[PDB]
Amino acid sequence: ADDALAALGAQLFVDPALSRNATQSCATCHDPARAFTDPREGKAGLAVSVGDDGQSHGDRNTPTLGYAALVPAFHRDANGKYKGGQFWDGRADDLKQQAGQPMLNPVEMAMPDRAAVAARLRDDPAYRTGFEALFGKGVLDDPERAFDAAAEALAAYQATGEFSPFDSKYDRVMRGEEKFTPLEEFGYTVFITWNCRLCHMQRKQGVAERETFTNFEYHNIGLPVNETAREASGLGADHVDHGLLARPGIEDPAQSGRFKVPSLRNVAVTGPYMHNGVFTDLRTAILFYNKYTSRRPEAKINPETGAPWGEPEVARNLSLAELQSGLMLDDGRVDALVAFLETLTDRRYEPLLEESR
C-alpha cells in the first residue's frame, strides 16, 4: 500500500509517456542524478527548463525535489506570515496538488488535458494493473480519477526516504558519527549566528527534528530580473514576477516579490540559484546578501557579471529588517559558509561536489 503507491509513482516519475510528444518525464527536469534538478542547457543556460515541445522555456529555475516532502502545506500563520506550499510562489498547496501541473503545462509536459493523460496510462498494461490494485477497477477510464491517482502516486514517491535520506555529512555530524572540518564548523557557527538563520532554519528557536534549512516563509530579498531567462521565457520586457502575490487568492500588495525560502539541502549541486536561476555560483548567492550590509562598493557588484546586481524586480516589501543586519560577511566567512552548505549534500551526490570545488 504505502510501498505500492510509491512504487507506482516511481514508475510514473520516469515515464516520458506522460508528455505530449513522449519526450519528457518528471525525471527529465528533475533528474535523480542531479539531486532532482535539470542538468539540461536551454536558451538561458541552466536557469530555466525546456518543455516537451523542445522549444518552450519556463520563467523560474527548476527546484530540487529533495526534501520537498518536508514542506508543510501552504497556510497563513497567526503572525500573518504565509508558509509552506509548493512552487517558488507557493501557488500549489502541497506535492499532490502540484504534481498534475507539469503534466498539463504547455510550457512543460504539455498534455492537452486529463483525458489525454488517462489515455496514455490506459495503454501500458502495467499501469492498468498497478492503478487498479490501488484505486480500483476502471480508474484509468475516469480521466479525473486517473489524473488525481497519478498525482497522488507521484506525491507518495517524493515522500520516500530516497528523496530525503538525511545522510549528508551534516546529518552524520549531528549523530556523532563524524566531525566537521574546522572550515565547516566555523561556517556552521556563522550560519547560526548571522542573519541566515532567520530564514534558513525550520524554527525560530529550539531544535528541529528534521532540519531542512528553510522556515518555509516568503521573502523578497530584492533579486533582479534574470534577463536571459526572462527573454527565453517570452513573458515580456514589462512582465513582473510577483512571487507569492501570483498565487490565486493572495491579494495583499505587500506579498508582491516574495518567494518561498528554499531548503538549502543539496544546495551545492542544484545551481544555478534563486527562483530565476540568476546566479550560477553558490558563493554568488551568498555574496548577494552583503549588498544589504556592506559599505564597500564591491558589495553592490554581482561578481559573475562585474556589473551592479540590478534593480530589484519588485522594489517593494523587501525583507530589510532581516537583510540589513549591520554586518558584512568577509571572505573567510563566505568560504566558511560555502564549506558548511556543502555538508548539506546527500551521500549519493557527494561525488558531484568535486566538479564545483
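The first residue of the sequence shown is number 1, and the count goes up from there.
Visitor: Between 117-125 and 245-253, name whichever shows the higher mean Cα B factor according to the PDB entry.
Guide: The recorded data point to 117-125.
Visitor: Please work out which of 265-273 and 132-140 has the higher mean CA B-factor as recorded in the PDB entry.
Guide: Averaging CA B-factors over each stretch, the winner is 132-140.
Visitor: Please work out which residue in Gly176, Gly90, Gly222, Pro72 has the highest C-alpha B-factor recorded for this crystal structure.
Guide: Of the options given, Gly176 has the highest CA B-factor in the PDB entry.
Visitor: Determine which member of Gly54, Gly66, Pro312, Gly326 has the highest CA B-factor, using the values in the deposited entry.
Guide: The record points to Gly54.
Visitor: Would you please rank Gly58 by its C-alpha temperature factor against the other modelled residues of its chain and give the third it falls in: lowest, middle or highest?
Guide: According to the entry, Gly58 has a C-alpha B-factor in the chain's middle third.
Visitor: Among the modelled residues of its chain, does the C-alpha B-factor of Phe180 lie in the lowest, middle or highest third?
Guide: Within its chain, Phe180 is a highest-third residue by C-alpha B-factor, going by the deposited values.
Visitor: Ordered by C-alpha B-factor within the chain, which third holds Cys26? Give me lowest, middle or highest, please.
Guide: Ranked within chain, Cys26 CA B lands in the middle tercile.
Visitor: Test of reading the entry: by CA B factor among the chain's modelled residues, which third contains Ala339?
Guide: It belongs to the middle third of the chain when residues are ordered by C-alpha B-factor.
Visitor: Ordered by C-alpha B-factor within the chain, which third holds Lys81? Give me lowest, middle or highest, please.
Guide: Middle third by C-alpha B-factor.
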